[PDB]
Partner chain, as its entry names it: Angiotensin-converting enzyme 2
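Taking the form deposited without its partner chain, here's one chain by itself in structure tokens.
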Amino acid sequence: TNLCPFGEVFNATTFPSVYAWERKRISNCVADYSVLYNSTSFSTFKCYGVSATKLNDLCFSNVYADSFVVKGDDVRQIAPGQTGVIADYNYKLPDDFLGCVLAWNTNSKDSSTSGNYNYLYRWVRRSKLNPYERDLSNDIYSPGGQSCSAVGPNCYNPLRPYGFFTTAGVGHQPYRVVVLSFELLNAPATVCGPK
């Protein structure tokens, strides 16, 4: 009865930019992860600290789902330990990450002949993001600490768009990513598999 709403995470119409990634807390339902691992349409399917295969036998406190778009060559940065512009400045998995990383090609939805520029990423910041931190700001970044009123030299626009073209190479093509994070605190189990 209490079928967990993974279909509205995965089959949602629009995904957000990676700098402005979006979280759905999922609790207090019954889960069927076999909807995920039966399918062959994922290009990335990696689970850390837990097999996908055994997920229907476990019970968890909170399951979080995090979603965003990256270009194809950036999907590798959504893994524990990795660095680069996406891990450093947009979305960061912790070292002791428990969960899955799920990605599929969306060149049919999210590219264009002229170029899709709707998906942004941050490329500079004062520090690296902590695990699961988020930076939504629209400021001018000064390397020293000065006030900047216009984007100039030593006064940086910190955001840049991906440009998604339909004819591009597969590493420059858009990919929707869903990151499933699993907790089971001293809290009672709210999410369970069918078994």
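Residue numbers count along the first chain shown, from 1.
The form solved in complex with its partner chain is left out here; the points below concern that form.
Candidate stretches 59-67, 132-140, 152-160, 22-30 - the one whose heavy atoms come within 4.5 Å of its partner chain in the deposited bound form: Selected range: 152-160.
Exercise: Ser147 in contact with its partner chain in the deposited bound form, heavy atom 4.5 Å: Answer no; every heavy atom of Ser147 is more than 4.5 Å from its partner chain in the deposited bound form.
Contact test in the deposited bound form: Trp123 vs its partner chain, heavy atoms, 4.5 Å: The answer is yes: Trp123 has a heavy atom within 4.5 Å of its partner chain.
4.5 Å heavy atom contact, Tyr117 to its partner chain in the deposited bound form: Yes - in the deposited bound form, heavy atoms of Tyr117 and its partner chain come within 4.5 Å of each other.
Partner contacts in the deposited bound form for 79-108 (non-hydrogen atom within 4.5 angstroms of its partner chain): Nothing in the stretch sits within 4.5 Å of the partner.
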